[PDB]
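Input: a single structure, listed below in structure tokens.
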Amino acid sequence: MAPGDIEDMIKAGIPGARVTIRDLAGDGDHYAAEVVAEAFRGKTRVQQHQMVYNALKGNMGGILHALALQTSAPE
Ligand SMILES: [Cu+2]
Ligand SMILES: [Li+]
């Protein structure tokens, strides 16, 4: 996945989301993502994270450990 592809996939799959991606260790391998989306309001963190995994569509190997997640509804 090229730089920016994680963010692109999240925003395509969760329309309206605000996404902040940081590359842990600058390593091109493990990342952290913050995703803020109205569709998350009232959902649990487990339910919100499920929506993010869905948006990546299996394109990121090892996503369970390789994409550390923070999610919320807009403030
Ligand atoms: Cu790994
Ligand atoms: Li990284």
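All of the numbers you see were taken from the coordinates with simple rules; none came from a lab. Reconstructed Cβ throughout: ideal geometry from the backbone, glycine too, with neighbour counts over all protein chains shown.
Scanning the range 1-58 for residues that are more than 10 Å from the chain's Cα centre (by Cα) and among the aromatic types (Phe, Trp, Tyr) yields a total of 1.
So, of the residues in the range 55-74 that are in contact (Cβ under 8 Å) with a residue 12 or more places away in the chain and surrounded by fewer than 13 Cβ atoms within 10 Å (Cβ to Cβ), which turns out to be nearest to ligand 2 (Cβ to nearest atom)? Give the steps one after another, and end with the answer.
Step one: list which residues in the range 55-74 are in contact (Cβ under 8 Å) with a residue 12 or more places away in the chain, which gives 55-57, 59-60, 65-74.
Subset that is surrounded by fewer than 13 Cβ atoms within 10 Å (Cβ to Cβ): 57, 59, 65, 74.
Details: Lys57: 20, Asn59: 16, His65: 11, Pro74: 27 Å.
Checking each candidate, the answer is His65.
In this structure, is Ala32 in contact with a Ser or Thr (Cβ under 9 Å, 6 or more places away or on another chain) and within 15 Å of ligand 1 (Cβ to nearest atom)? In short, yes. Filtering the range 25-48 to residues that are on the phi < 0 side of the Ramachandran plot, within 12 Å of ligand 2 (Cβ to nearest atom) and either small (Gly, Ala, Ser) or in contact with a helix residue (DSSP H, G or I) (Cβ under 9 Å, 6 or more places away or on another chain) (or both) leaves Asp29, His30, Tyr31, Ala32, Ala33. Taking the conditions (1) aromatic (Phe, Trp, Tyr); (2) more than 14 Å from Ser72 (Cα to Cα); (3) more than 16 Å from ligand 1 (Cβ to nearest atom) in turn, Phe40 satisfies each one other than (2).
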